[PDB]
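Protein chains in written order, with the entry's author numbering: chain X, 57 to 113; chain W, 57 to 113.
Cβ atoms here follow ideal geometry from the backbone N, Cα and C, with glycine treated the same way.
There are 2 protein chains.
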Amino acid sequence: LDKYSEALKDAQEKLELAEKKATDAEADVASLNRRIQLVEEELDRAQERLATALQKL
Amino acid sequence: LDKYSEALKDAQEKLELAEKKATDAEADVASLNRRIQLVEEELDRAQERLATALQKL
């Protein structure tokens, strides 16, 4: 009962932590998706500014 | 024993799933991290190309 209870408190805590890791990994997926998109948008802007600088050049 | 064994297999399944929520979220953030590294590297290369175009300008 204890082998399972212990395995459970550990599986359950590991779950809360895996769920937390998932929460954080997902928070990071979302925070990075935001950041990736921000760098993609800023990249498009750098590329547009580059096309502009190159046309001005 | 069954209550703990079941709660355990469920904590373990939830754990494997949460680990996969995290692994998939990790795969996604990792994909995104690769994208931020590549896009941000291009942001900076575009920004550097831009700085170059602007300096040349």
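A straight line joining the alpha-carbon of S61/W with that of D80/X spans about 28 angstroms. One alpha carbon belongs to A67/X, the other to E82/W, and they sit about 20 angstroms apart. One Cα belongs to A109/X, the other to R90/X, and the distance between them is close to 27 angstroms.
Judged by their CB atoms, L88/W and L88/X are nearer to each other than the 8 angstroms cut-off. The Cβ neighbour count for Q103/W, taken over all protein chains shown within 10 Å, is at least 16; the residue is labelled buried.
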